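First structure 1, then structure 2: two forms of the same chain, each alone, as structure tokens.
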Structure 1
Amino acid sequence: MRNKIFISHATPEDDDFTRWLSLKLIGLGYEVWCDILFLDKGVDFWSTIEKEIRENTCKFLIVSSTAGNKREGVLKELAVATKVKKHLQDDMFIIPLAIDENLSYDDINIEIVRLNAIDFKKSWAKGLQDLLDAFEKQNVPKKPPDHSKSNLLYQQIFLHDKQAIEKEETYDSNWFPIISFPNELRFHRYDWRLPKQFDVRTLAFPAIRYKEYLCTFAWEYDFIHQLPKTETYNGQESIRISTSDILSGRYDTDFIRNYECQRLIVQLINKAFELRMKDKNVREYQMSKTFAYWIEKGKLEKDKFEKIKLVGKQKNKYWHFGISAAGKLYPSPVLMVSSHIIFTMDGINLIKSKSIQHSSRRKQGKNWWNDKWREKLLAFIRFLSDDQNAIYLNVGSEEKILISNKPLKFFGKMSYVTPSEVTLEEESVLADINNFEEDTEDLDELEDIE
């Protein structure tokens, strides 16, 4: 028994349409055959197509487009359908579907002109309704509507490679764990020995003023040079608090609460990072409330560290990769690092305007994808390392804080099939089109540059 519906069309074009009508017809109970849904690329398809036209097809639909009227396969299928129509004496065996507004009725094959085509040009819904009316008037066999079948076919055929697949993925983070801490946190009771107007940020080692005390991991003698009044200070007057007890939450005394000690340790980590950055001779860029550190042009051989470029060019302006770090303790004692891009005119002198920096950063980062960000961050962090495994944040003459150069790695159990990066380039090109609705206030600074 002939109960199938045949939709003939072009492969590269006439692809999106066939999909809509086919799914729509199958969802309405019609048994439909089209090479998009039932043909696996690589097999000799002509024998199967000829068999389905000759043996199982009741209505033959040909999509009449500009490329449909010239494609060789469409013409062969139409010839087979014409032979079958002559055999069956069914003058309505071939039902044309006109979808191209530029296809005149004289450009349609002379065999197809005599058949009343269904107007899909103006509206696809009206064409579908006309097709359904014609099918009802011709008693085309159909089953009760089951849209689940169309949904299942869509998911199986056009979403096979477009689903999350199970595969372990290792993700590098921007959290760099702290291997060790100094044994004790010390509160030196300097009182008068510390003038009330002394800026503790000028000390050679991190320190914080807390009441009449000085909170640091460093010893009393580490500040004799810069605070000569502390030469006569007794070491037994210091309140030494174990760091492990602070971090583990077991520290409970009336002198100071545990969260205050953790906050002081965070501030000391930040100060040690600032001093380490000043020790590495990296420039400073003042952000809203924190500092970003970037590398000056010509500091690194060919502006590259381990074959990774850190200083480059962007039109007439130069871009620098920079990091800004803040200490964290709660999830785990890590050193949080954020990535920044900082621009200069000649490689040394900063750009004073903030909106120029913002626009240039967005423009440069649009073309920087996962690999570029990860490689540049890792290269920067390995630039700061003192050995192969960790970077040392000096906090005292004998006390140091060790931070690994290997980020805290994360792993997940679900992955994706990696496509071509041309999609990434396309999204980059398309980002500005969407951003033209929110970036109409930064267009004056660009004219200010010229």
Structure 2
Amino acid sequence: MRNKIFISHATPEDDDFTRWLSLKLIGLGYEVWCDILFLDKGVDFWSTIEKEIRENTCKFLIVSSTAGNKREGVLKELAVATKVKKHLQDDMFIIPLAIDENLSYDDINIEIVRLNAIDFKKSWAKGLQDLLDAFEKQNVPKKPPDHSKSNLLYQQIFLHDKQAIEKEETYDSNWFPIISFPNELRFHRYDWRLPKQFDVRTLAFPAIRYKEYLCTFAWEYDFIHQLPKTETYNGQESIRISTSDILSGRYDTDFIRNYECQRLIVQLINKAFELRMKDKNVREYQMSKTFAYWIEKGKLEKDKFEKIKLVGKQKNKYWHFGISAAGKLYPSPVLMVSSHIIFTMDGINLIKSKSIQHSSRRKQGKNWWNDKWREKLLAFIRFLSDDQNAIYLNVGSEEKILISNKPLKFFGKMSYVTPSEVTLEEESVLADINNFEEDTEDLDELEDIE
């Protein structure tokens, strides 16, 4: 009795049709067996094919491949197939499969097309129904069709180094916690001691006008250098609000609600961050609703911070990594950071056109990857720190704010096996997919780039 089906194909050139046809045949209720399902590495080839042809194989199937017709083992097993055809007189034993259209009638060897060949050069549906009706013509013993065990076979042979696994893995976010907040959020009631045309942003310390009061972290005598009439203001009128009440949310008065206090804290945090990192001599970029910043070329030694690339040269434009931050007080006293890259021609002035900036941002986006983003962000934040554990925010002459340099590292329960760098080239391939998917009025600025 013989019921096995074998595919003779060139590895690894024709795993495609071999896999598809074998899985379709095993889903149709016919027992299939080939190299890419069973014959893994470390198993001898030709003796197994010899015994399966002499004992087990009912119909032999050979893929007419470019390189699989020249091996010694396939010739040996086709010789023993001719021997077993001479044994019990079955000249319809082998089946020629046409997949490579480059091979004509003469390129195939002496012992294949001397019998009829199944048509496979147009599509594969008529091919496998032709295989099915040949099976029915020769009355091969078959099992009723069921795709459950076919699905199980696909699950356990095609998802080995290929599915998810259980092992620990460490991650990190772009969130940076505030170590310590101001002790007192003090509302300074200056009444008439504020000029009408006073722009609040010009103050050296963060402040926000609120009704007649002034919401600020600074002391009563911190604005002397620009307000000569703050001598006359006594130190008892201004109310003090502890920030612990704001963070805990137990502060609720008719003057300022808890959410308004939290929003004021966030606003003062953003103003303090802007002024404090403007102090650190970092160049500016004009953003619509935020403020982008970049590191001037040559300020850093070797353009590396702890041997991490931060600013570099590509083609003709200089790329500068930079961050933008907005205070967020919902999940925890943290500070979220956005990841940007800012491009200059020479390192002094900006690009006049924003489309050039965006095209350069994308082009440098594909060139490096998430890991380089991580080191760039970590180097930028560590350069933004003067000490070894925090960045030194400025809100007053005697009170400061601390934000940790290290981000909030997280961790996950499961992870995956890590393959080689070819799949990063496949990520570049899907970047080409994104290139070839959508486009909209690209020609003008593309032709303007020269």
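Here, rigid core means the biggest group of C-alpha atoms that superpose within 1.5 Å across both forms. Just so we're on the same page, residue numbers count up from 1 along structure 1's sequence.
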May I ask which of the two structures is the form deposited with the DNA and RNA bound?
2
Taking the rigid core as reference, does residue 340 move its C-alpha 2 Å or further between the two structures?
no
Rigid core fit then residue 438 CA moved by 2 Å or more between the two structures:
yes
Comparing between the two structures on the rigid core: C-alpha of residue 71 shifted by 2 Å or more?
yes
Once both forms are fitted on the core, what is the Cα shift for residue 429 between the two structures in Å?
4.3
Please report, in Å, how much the Cα atom of residue 227 moves between the two structures when the rigid core is superposed.
1.1
Following alignment on the rigid core, what Cα displacement (Å) is computed for residue 330 between the two structures?
0.7
